[PDB]
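>>> sequence plus experimental coordinates follow:
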Amino acid sequence: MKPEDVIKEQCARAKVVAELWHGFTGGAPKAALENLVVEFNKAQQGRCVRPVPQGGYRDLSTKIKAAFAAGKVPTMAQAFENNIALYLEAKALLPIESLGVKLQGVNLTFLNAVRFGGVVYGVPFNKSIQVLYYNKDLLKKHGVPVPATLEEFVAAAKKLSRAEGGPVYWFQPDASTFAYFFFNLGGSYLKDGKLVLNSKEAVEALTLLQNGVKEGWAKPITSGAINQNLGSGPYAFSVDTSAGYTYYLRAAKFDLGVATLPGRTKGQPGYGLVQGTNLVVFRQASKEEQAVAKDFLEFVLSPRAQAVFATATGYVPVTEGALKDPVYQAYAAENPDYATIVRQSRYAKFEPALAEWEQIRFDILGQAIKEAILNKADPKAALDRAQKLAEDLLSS
Ligand SMILES: Nc1nc2c(ncn2[C@@H]2O[C@H](COP(=O)(O)O[C@H]3[C@@H](O)[C@H](n4ccc(=O)[nH]c4=O)O[C@@H]3CO)[C@H]3CC(O)(O)C[C@H]32)c(=O)[nH]1
């Protein structure tokens, strides 16, 4: 008997039901969310949260847009920073601090990301950071240290690919993988407030991936998650969301490693991309639904909920107090990867928080990356096209 059943039963008896629309399709993220809600719902009398799976994150924001057009929004939903920006155009979001939710002790990396015109409009919930996944067995077999620099990373991917007879750095040709190389070659998306997809660091980053494919050390993954492709050919490394941790653990037929990202120098790990979502509260919710949202958001920010959620998933605990919780401490003491994920969370960069950014990242930038990697499009030409399509979108 599944948590979503327990929850359906809880909400059946409840006087007030606050819907939480989410983008978790399964595995540990879905189960840890459902587990959190079952615990919250047991402490209420006649008050519940009902989680509603809307598919993936793209499906979720499409369904929220349709909810506005139909005039029936949930109480809460997951949202990226750029989704928050879009919902704020429609004035659709309640300021978090007005609900009475205390945000002292939320990591400033995550809080700064939800603050628009000095006003917090989201509660960091499931915040991920990119990490280096690696094959501990394969690096040991060839006496290869974990690479700490981009230079060591490329040298390691070449050495191991030559040794195993195939490309060992696995990557999706997408905006997220691109962000890692872009950021760590000195790139920035905003130049004097204008969005720039075709800067020389963008050309450099997309060139490095395309050269990695041509040179036989980088393997493009075109069908499924990297962790869904494991077992076909030699794997040494990938740069991927911390929220992949349970997926990689379940799939890997090798000893899985987690490290901090290779940086420009050993002075500091490389910057990871922050992904995952914040919880927003819709103004259209009733006072009674908003009160359930307030208690639910206080629960989600509690040290125990954060300790359980983050240790179940590989998401980053969003509060100072979660790291001081004995349940977090017990898992960390048993598993050095949790500390590795927290350490990487200190070296964190975000994509632009523009309303149009969801469209741009997948349909424009993402497509330019695929053109370059999959169809050998010239990197500059592919990014010049992306820039123009972005400029026309931002004009329209
Ligand atoms: N809609 C929209 N999406 C965005 C935006 N910025 C980034 N992203 C996407 O965030 C995903 C990272 O979010 P995260 O919560 O860290 O991790 C996800 C999953 O990625 C990961 N997962 C799921 C199944 C699996 O087999 N393996 C696995 O790792 O588990 C989590 C819950 O599904 C990336 C993934 C992407 O689909 O390629 C597109 C990326 C945006 O602005 N909008």
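Cool, the structure landed. Residues are numbered from 1 along each chain as shown.
>>> okay, CA-based contacts and neighbour counts for the rest of this
Fine.
>>> so the residue nearest to residue 81 when sequence neighbours are not counted versus residue 336, what's the distance?
The shortest distance from residue 81 to any non-neighbouring residue, by C-alpha to C-alpha, 6 or more residues apart in numbering, is to residue 353 (5.3 Å). The gap separating residue 353 from residue 336 is 32 Å, by C-alpha to C-alpha, to the nearest Å.
>>> comparing these two, which shows the higher neighbour count?
Ranked by neighbour count (other C-alpha atoms under 10 Å), residue 353 and residue 336 place residue 353 first, with 18 against 13.
>>> check which helix or strand covers the residue nearest to residue 81.
Under DSSP states H and E, no helix or strand contains residue 353.
>>> strands along the stretch 51-200 of the chain, start to end?
Secondary structure of the stretch 51-200 of the chain (DSSP state E, counting those that start in this stretch): strands at 76-79, 115-116, 119-120, 123-135, 169-171, 190-191, 194-195.
>>> who are the packing partners of the first one?
Yep, that's strand 76-79 we're talking about. Under the contact criterion of 3 or more C-alpha pairs under 8 Å, 6 or more residues apart in numbering; DSSP states H and E, the helices and strands touching strand 76-79 comprise strand 16-22, strand 272-281.
>>> between strand 123-135 and the longest one, find me the angle.
If I follow you right, that is strand 272-281. Here strand 272-281 points in a direction 150 degrees away from that of strand 123-135 (axes from the mean of the first three to the mean of the last three C-alpha atoms, to 10 degrees).
>>> strand 272-281 vs the ligand: in contact?
Yes: residues of strand 272-281 contacting the ligand under C-alpha under 6 Å from any ligand atom: 275-276.
>>> hmm, who's touching that strand?
When contacts are defined by C-alpha atoms under 8 Å, 6 or more residues apart in numbering, strand 272-281 is touched by residues 75-81, 84, 93-96, 114, 121-131, 176, 179-180, 241, 261, 290, 293, 344-345, 347-351.
>>> compute the inter-axis angle for it and strand 16-22.
160 degrees.
>>> contact distance from the ligand - what residues of the stretch 151-300 of the chain qualify?
Counting by C-alpha under 6 Å from any ligand atom, the stretch 151-300 of the chain sits next to the ligand at 225, 241, 243-244, 247, 275-276.
>>> put the buried members of those into a ChimeraX selection.
Filtering those down to the buried ones (16 or more other C-alpha atoms under 10 Å) takes a single ChimeraX command:
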select :241,243,244,247,275,276
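>>> okay, the residues of the stretch 151-300 of the chain next to the ligand in JSON lines with secondary structure next?
Shown next, in JSON lines, are those (DSSP: H, G, I helix; E, B strand; the rest coil):
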{"residue": "225", "secondary structure": "coil"}
{"residue": "241", "secondary structure": "strand"}
{"residue": "243", "secondary structure": "helix"}
{"residue": "244", "secondary structure": "helix"}
{"residue": "247", "secondary structure": "helix"}
{"residue": "275", "secondary structure": "strand"}
{"residue": "276", "secondary structure": "strand"}
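>>> include distance to residue 316 when you put the residues of the stretch 151-300 of the chain next to the ligand into CSV, please.
Below are these laid out as CSV (distance: C-alpha to C-alpha, whole Å):
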residue, distance to residue 316
225, 20
241, 10
243, 9
244, 12
247, 16
275, 10
276, 10
